[PDB]
file input.csv (CSV, N, CA and C atoms)
chain,number,residue,atom,x,y,z
N,653,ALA,N,21.3,70.4,-38.9
N,653,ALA,CA,22.3,71.0,-38.1
N,653,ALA,C,22.3,72.6,-38.3
N,654,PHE,N,22.1,73.0,-39.5
N,654,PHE,CA,21.9,74.5,-39.7
N,654,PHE,C,20.7,75.0,-39.0
N,655,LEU,N,19.6,74.3,-39.1
N,655,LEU,CA,18.3,74.8,-38.6
N,655,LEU,C,18.3,74.7,-37.1
N,656,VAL,N,19.0,73.7,-36.5
N,656,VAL,CA,18.9,73.5,-35.1
N,656,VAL,C,19.7,74.6,-34.4
N,657,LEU,N,20.8,75.0,-34.9
N,657,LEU,CA,21.7,76.0,-34.2
N,657,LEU,C,21.9,77.2,-35.0
N,658,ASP,N,20.9,77.7,-35.7
N,658,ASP,CA,20.9,79.1,-36.1
N,658,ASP,C,20.1,79.9,-35.2
N,659,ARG,N,20.4,79.8,-33.9
N,659,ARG,CA,19.6,80.5,-32.8
N,659,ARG,C,20.3,81.7,-32.4
N,660,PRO,N,19.7,82.9,-32.5
N,660,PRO,CA,20.3,84.1,-31.9
N,660,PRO,C,20.3,84.1,-30.4
N,661,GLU,N,21.3,84.8,-29.8
N,661,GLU,CA,21.4,84.8,-28.3
N,661,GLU,C,21.0,86.2,-27.8
N,662,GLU,N,20.2,86.2,-26.8
N,662,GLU,CA,19.7,87.5,-26.2
N,662,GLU,C,20.3,87.5,-24.7
N,663,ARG,N,20.3,88.8,-24.2
N,663,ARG,CA,20.9,89.0,-22.9
N,663,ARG,C,20.2,88.4,-21.8
N,664,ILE,N,20.9,87.7,-20.9
N,664,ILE,CA,20.3,87.0,-19.8
N,664,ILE,C,21.2,87.1,-18.6
N,665,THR,N,20.8,86.5,-17.5
N,665,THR,CA,21.6,86.4,-16.3
N,665,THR,C,21.8,87.8,-15.6
N,666,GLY,N,21.1,88.8,-16.0
N,666,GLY,CA,21.2,90.1,-15.4
N,666,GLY,C,22.5,90.7,-15.6
N,667,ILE,N,22.9,91.6,-14.6
N,667,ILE,CA,24.2,92.3,-14.7
N,667,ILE,C,25.4,91.4,-14.5
N,668,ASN,N,25.2,90.2,-14.0
N,668,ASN,CA,26.3,89.2,-13.8
N,668,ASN,C,26.8,88.7,-15.2
N,669,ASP,N,26.2,89.0,-16.3
N,669,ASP,CA,26.6,88.5,-17.6
N,669,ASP,C,28.0,89.1,-17.9
N,670,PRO,N,29.0,88.2,-18.1
N,670,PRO,CA,30.4,88.8,-18.5
N,670,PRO,C,30.5,89.1,-19.9
N,671,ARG,N,29.6,88.6,-20.8
N,671,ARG,CA,29.7,88.8,-22.2
N,671,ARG,C,29.6,90.3,-22.5
N,672,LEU,N,28.8,91.0,-21.7
N,672,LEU,CA,28.7,92.5,-21.9
N,672,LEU,C,28.9,93.2,-20.6
N,673,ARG,N,29.7,92.6,-19.7
N,673,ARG,CA,30.2,93.3,-18.5
N,673,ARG,C,31.1,94.5,-18.9
N,674,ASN,N,31.9,94.3,-19.9
N,674,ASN,CA,32.8,95.3,-20.4
N,674,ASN,C,32.0,96.1,-21.4
N,675,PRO,N,31.9,97.4,-21.3
N,675,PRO,CA,31.1,98.2,-22.2
N,675,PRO,C,31.7,98.3,-23.6
N,676,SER,N,30.8,98.4,-24.6
N,676,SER,CA,31.2,98.7,-26.0
N,676,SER,C,30.1,99.4,-26.7
N,677,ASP,N,30.4,100.0,-27.8
N,677,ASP,CA,29.4,100.9,-28.5
N,677,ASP,C,28.3,100.2,-29.3
N,678,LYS,N,28.5,98.9,-29.5
N,678,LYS,CA,27.5,98.1,-30.3
N,678,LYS,C,26.2,98.1,-29.6
N,679,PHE,N,26.2,97.8,-28.2
N,679,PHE,CA,25.1,97.8,-27.4
N,679,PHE,C,25.1,99.0,-26.5
N,680,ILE,N,23.9,99.4,-26.0
N,680,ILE,CA,23.7,100.6,-25.2
N,680,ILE,C,23.0,100.2,-23.9
N,681,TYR,N,23.6,100.5,-22.8
N,681,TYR,CA,22.8,100.5,-21.5
N,681,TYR,C,22.2,101.8,-21.3
N,682,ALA,N,21.1,101.9,-20.5
N,682,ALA,CA,20.5,103.1,-20.1
N,682,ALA,C,19.6,102.9,-18.9
N,683,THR,N,19.4,104.0,-18.2
N,683,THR,CA,18.5,104.0,-17.1
N,683,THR,C,17.8,105.4,-17.2
N,684,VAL,N,17.1,105.8,-16.1
N,684,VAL,CA,16.5,107.1,-16.0
N,684,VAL,C,17.4,107.9,-15.1
N,685,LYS,N,17.6,109.2,-15.5
N,685,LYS,CA,18.4,110.1,-14.8
N,685,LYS,C,17.8,110.3,-13.4
N,686,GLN,N,18.6,110.4,-12.4
N,686,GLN,CA,18.2,110.8,-11.0
N,686,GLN,C,17.1,109.9,-10.5
N,687,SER,N,17.5,108.7,-10.3
N,687,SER,CA,16.5,107.7,-9.8
N,687,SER,C,17.3,106.8,-8.7
N,688,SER,N,16.7,105.8,-8.3
N,688,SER,CA,17.3,104.9,-7.4
N,688,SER,C,18.4,104.0,-8.1
N,689,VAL,N,18.1,103.7,-9.3
N,689,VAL,CA,19.1,102.9,-10.1
N,689,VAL,C,20.4,103.6,-10.2
N,690,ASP,N,20.4,105.0,-10.4
N,690,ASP,CA,21.6,105.7,-10.5
N,690,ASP,C,22.4,105.7,-9.2
N,691,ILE,N,21.7,105.8,-8.1
N,691,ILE,CA,22.4,105.7,-6.8
N,691,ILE,C,23.0,104.3,-6.6
N,692,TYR,N,22.3,103.3,-7.0
N,692,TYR,CA,22.8,101.9,-6.8
N,692,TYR,C,24.1,101.7,-7.6
N,693,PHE,N,24.1,102.1,-8.9
N,693,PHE,CA,25.3,101.9,-9.7
N,693,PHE,C,26.5,102.8,-9.2
N,694,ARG,N,26.1,104.0,-8.9
N,694,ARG,CA,27.1,105.0,-8.4
N,694,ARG,C,27.8,104.6,-7.1
N,695,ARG,N,27.0,104.0,-6.2
N,695,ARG,CA,27.5,103.6,-4.9
N,695,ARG,C,28.1,102.2,-4.9
N,696,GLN,N,28.1,101.5,-6.1
N,696,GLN,CA,28.7,100.2,-6.2
N,696,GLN,C,30.2,100.2,-6.6
N,697,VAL,N,31.0,99.3,-6.1
N,697,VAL,CA,32.4,99.3,-6.3
N,697,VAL,C,32.8,98.6,-7.6
N,698,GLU,N,32.3,97.4,-7.8
N,698,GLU,CA,32.6,96.7,-9.1
N,698,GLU,C,31.8,97.3,-10.2
N,699,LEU,N,30.7,97.9,-10.0
N,699,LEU,CA,29.8,98.4,-11.1
N,699,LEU,C,30.2,99.9,-11.3
N,700,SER,N,31.5,100.1,-11.5
N,700,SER,CA,32.0,101.4,-11.9
N,700,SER,C,32.2,101.6,-13.4
N,701,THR,N,32.5,100.5,-14.1
N,701,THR,CA,32.7,100.7,-15.5
N,701,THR,C,31.4,100.8,-16.3
E,404,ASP,N,55.0,100.5,9.9
E,404,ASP,CA,55.8,101.7,9.6
E,404,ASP,C,55.2,102.4,8.3
E,405,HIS,N,56.1,103.1,7.7
E,405,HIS,CA,55.8,103.8,6.4
E,405,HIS,C,56.8,103.6,5.4
E,406,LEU,N,56.4,103.2,4.2
E,406,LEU,CA,57.4,102.9,3.1
E,406,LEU,C,56.8,103.4,1.8
E,407,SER,N,57.7,103.6,0.8
E,407,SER,CA,57.3,104.0,-0.5
E,407,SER,C,57.4,102.9,-1.5
E,408,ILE,N,56.4,102.8,-2.4
E,408,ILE,CA,56.3,101.7,-3.3
E,408,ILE,C,56.2,102.2,-4.7
E,409,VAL,N,57.1,101.7,-5.6
E,409,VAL,CA,57.0,102.0,-7.0
E,409,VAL,C,55.8,101.2,-7.6
E,410,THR,N,55.4,101.7,-8.8
E,410,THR,CA,54.3,101.0,-9.5
E,410,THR,C,54.4,101.5,-10.9
E,411,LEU,N,53.8,100.7,-11.8
E,411,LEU,CA,53.8,101.0,-13.2
E,411,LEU,C,52.5,100.6,-13.9
E,412,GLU,N,52.0,101.5,-14.8
E,412,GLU,CA,50.7,101.3,-15.4
E,412,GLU,C,50.7,100.0,-16.2
E,413,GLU,N,49.8,99.1,-15.9
E,413,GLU,CA,49.6,97.8,-16.6
E,413,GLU,C,48.1,97.7,-16.9
E,414,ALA,N,47.8,96.7,-17.8
E,414,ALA,CA,46.4,96.7,-18.3
E,414,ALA,C,45.4,96.2,-17.2
E,415,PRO,N,45.5,95.0,-16.7
E,415,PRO,CA,44.6,94.5,-15.6
E,415,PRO,C,45.2,94.6,-14.2
E,416,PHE,N,46.5,95.0,-14.0
E,416,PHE,CA,47.2,95.0,-12.8
E,416,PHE,C,47.3,96.4,-12.1
E,417,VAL,N,47.7,97.4,-12.9
E,417,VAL,CA,47.7,98.7,-12.4
E,417,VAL,C,47.1,99.7,-13.4
E,418,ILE,N,45.9,100.2,-13.2
E,418,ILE,CA,45.2,101.1,-14.0
E,418,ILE,C,45.3,102.5,-13.4
E,419,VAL,N,46.0,103.4,-14.0
E,419,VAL,CA,46.1,104.8,-13.5
E,419,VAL,C,45.1,105.6,-14.1
E,420,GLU,N,44.2,106.2,-13.3
E,420,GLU,CA,43.1,107.1,-13.7
E,420,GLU,C,43.3,108.5,-13.2
E,421,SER,N,42.7,109.4,-13.9
E,421,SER,CA,42.7,110.8,-13.5
E,421,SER,C,41.9,111.0,-12.2
E,422,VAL,N,42.1,112.2,-11.6
E,422,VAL,CA,41.5,112.5,-10.3
E,422,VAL,C,40.0,112.5,-10.5
E,423,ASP,N,39.3,112.1,-9.4
E,423,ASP,CA,37.8,112.0,-9.4
E,423,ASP,C,37.2,113.4,-9.5
E,424,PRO,N,36.3,113.7,-10.5
E,424,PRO,CA,35.7,115.0,-10.6
E,424,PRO,C,34.3,115.1,-9.8
E,425,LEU,N,33.8,114.0,-9.3
E,425,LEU,CA,32.6,114.0,-8.5
E,425,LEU,C,32.9,114.1,-7.0
E,426,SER,N,33.6,113.1,-6.5
E,426,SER,CA,34.0,113.1,-5.1
E,426,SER,C,35.0,114.2,-4.9
E,427,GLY,N,36.0,114.3,-5.8
E,427,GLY,CA,37.0,115.4,-5.6
E,427,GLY,C,38.4,114.9,-5.6
E,428,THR,N,38.7,113.8,-4.9
E,428,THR,CA,40.0,113.3,-4.8
E,428,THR,C,40.2,111.9,-5.5
E,429,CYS,N,39.5,110.9,-5.0
E,429,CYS,CA,39.5,109.6,-5.6
E,429,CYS,C,38.2,108.9,-5.2
E,430,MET,N,37.8,107.9,-6.1
E,430,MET,CA,36.6,107.1,-5.9
E,430,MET,C,36.8,106.0,-4.9
E,431,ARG,N,35.8,105.1,-4.7
E,431,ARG,CA,36.0,103.9,-3.9
E,431,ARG,C,36.9,102.9,-4.7
E,432,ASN,N,37.5,102.0,-4.0
E,432,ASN,CA,38.3,101.0,-4.6
E,432,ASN,C,39.5,101.6,-5.4
E,433,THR,N,40.1,102.6,-4.9
E,433,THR,CA,41.1,103.3,-5.6
E,433,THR,C,42.1,103.9,-4.6
E,434,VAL,N,43.3,104.1,-5.0
E,434,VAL,CA,44.4,104.6,-4.1
E,434,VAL,C,45.2,105.7,-4.8
E,435,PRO,N,45.5,106.8,-4.1
E,435,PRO,CA,46.2,107.9,-4.7
E,435,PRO,C,47.6,107.5,-5.1
E,436,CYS,N,48.1,108.0,-6.2
E,436,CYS,CA,49.5,107.8,-6.6
E,436,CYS,C,50.0,109.0,-7.3
E,437,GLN,N,51.3,109.1,-7.3
E,437,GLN,CA,52.1,110.3,-7.8
E,437,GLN,C,52.8,109.9,-9.0
E,438,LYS,N,53.3,111.0,-9.7
E,438,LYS,CA,54.0,110.8,-10.9
E,438,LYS,C,54.9,112.1,-11.2
E,439,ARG,N,56.1,111.9,-11.7
E,439,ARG,CA,57.0,112.9,-12.0
E,439,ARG,C,57.3,113.0,-13.5
E,440,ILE,N,57.5,114.2,-14.0
E,440,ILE,CA,57.8,114.4,-15.4
E,440,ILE,C,58.9,115.4,-15.6
call {"tool": "encode", "arguments": {"input": "input.csv", "output": "structure tokens"}}
result
Amino acid sequence: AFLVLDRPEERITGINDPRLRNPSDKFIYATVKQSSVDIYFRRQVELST
Amino acid sequence: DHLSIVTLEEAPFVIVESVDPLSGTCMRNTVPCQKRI
């Protein structure tokens, strides 16, 4: 039982993941300044946080 | 018509934010509101 479920969890399901939809300092998001990704997030309504 | 509505800052219901420094007035998905002191 200990060996079966000592499995770490990694980020999946893209930006739809609610486990880290709310920002916190433990994990860091990043992109490249002045790119298409910056325009996409800046022009999105729900993706403002 | 035109009418005035009271509101109060709440956690997920009414989040009051400062004025937008990029657009200038307010961002998308937001509505201007006033306050007196």
call {"tool": "closest_residue", "arguments": {"input": "input.csv", "among": "N:697, N:656, N:664, N:684", "to": "chain E", "atoms": "all atoms listed in the file"}}
result
N:697
call {"tool": "atom_distance", "arguments": {"input": "input.csv", "atom1": "atom CA of residue E:410", "atom2": "atom C of residue E:437"}}
result
9.0 Å
call {"tool": "interface_residues", "arguments": {"input": "input.csv", "of": "chain E", "to": "chain N", "cutoff": "9 Å", "atoms": "only C-alpha atoms", "output": "compact mmCIF listing (two decimals) with N, CA and C atoms, in the frame of the given file"}}
result
# COMPACT_ATOMS: atom_id res chain seq x y z
N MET E 430 37.80 107.90 -6.10
CA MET E 430 36.60 107.10 -5.90
C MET E 430 36.80 106.00 -4.90
N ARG E 431 35.80 105.10 -4.70
CA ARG E 431 36.00 103.90 -3.90
C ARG E 431 36.90 102.90 -4.70
N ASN E 432 37.50 102.00 -4.00
CA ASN E 432 38.30 101.00 -4.60
C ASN E 432 39.50 101.60 -5.40
call {"tool": "atom_distance", "arguments": {"input": "input.csv", "atom1": "atom N of residue E:440", "atom2": "atom N of residue E:405"}}
result
24.4 Å
